């Protein structure tokens, strides 16, 4: 093991100050991703973001958001152990295979929308949903995860360009429109050679309708891509959209409700008692949502 209970396999990501590795959890054999962050090289604002991201990750339990399994904290280095999504970016998928058929777009978008709406009902807004945030797992389910500015402005809501507040759940709404447009068209509704060009198109809010797009779909684009932030619907309302629910007639997309906590699984508890864990430390680690090695093992056992 290189850290806690994980053998680090290969580097799947490199950053100025952070590093993502593939890893094997030794007890369970399960594959995980390990985000290895060097906190010594982080400025004040980045630490604020990192600590915010950690708080948020600990709280999100949703089939389409990558799951957090462990946080290992040292003075210099933070390790985030999380679900690996092996299918890569949706970005890269559309580049490879072109636009999705509306049918396929729909299956991925219901997951995306559910996941984001799940955040909004916890008063978490993402604020910069982009291409790279959308990952696929082995079954092509959505998992929501040169510099920060690469492929960013095309997802920005008009308010950014107007001096207005950029903080409500309605900013995610805008981005979801751009996301929807990318799924079905394989390109961006708002693009330019530079910022000035990009901004004129965004503040204008008009996008090309591709000739093959359905009116249902285009109607649903209209519900995200509204210039006035305060005139944008909640995702809870957009969930009821006709296009969203084609082929889901007994099955309207509805706000996700998370399973009730299972912190007393006799099967997994007893397995860990074997390996030499105390019953009390298990429950405490789970109830207190400790994201220590105990909880990791318990989650990973599932």
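Positions refer to the first chain, counted from 1.
Where coordinates are absent for parts of the deposited sequence, a chain break appears; between neighbours residue 145 and residue 146 it spans 10 or more residues. Legend: mean Cα B-factor per stretch from the PDB entry, 284-292 versus 5-13; the higher mean is in 5-13. The PDB entry records a higher mean C-alpha B factor for 196-204 than for its counterpart among 196-204 and 217-225. Comparing C-alpha B-factors across 92, 159, 170, 73 in the deposited entry, the largest value falls on 92. Of the candidates 54, 36, 239, 273, the deposited coordinates give 273 the top C-alpha B factor.
For residue 263, the recorded CA temperature factor ranks within the highest third of the chain's modelled residues. Among the modelled residues of the chain, residue 243 sits in the lowest third by CA temperature factor in this PDB entry. Sort the chain's modelled residues by C-alpha temperature factor and residue 125 lands in the middle third, per the entry. When the modelled residues of the chain are ordered by their C-alpha B factor, residue 84 lands in the middle third. Compared with the other modelled residues of the chain, the Cα B-factor recorded for residue 68 ranks in the lowest third.
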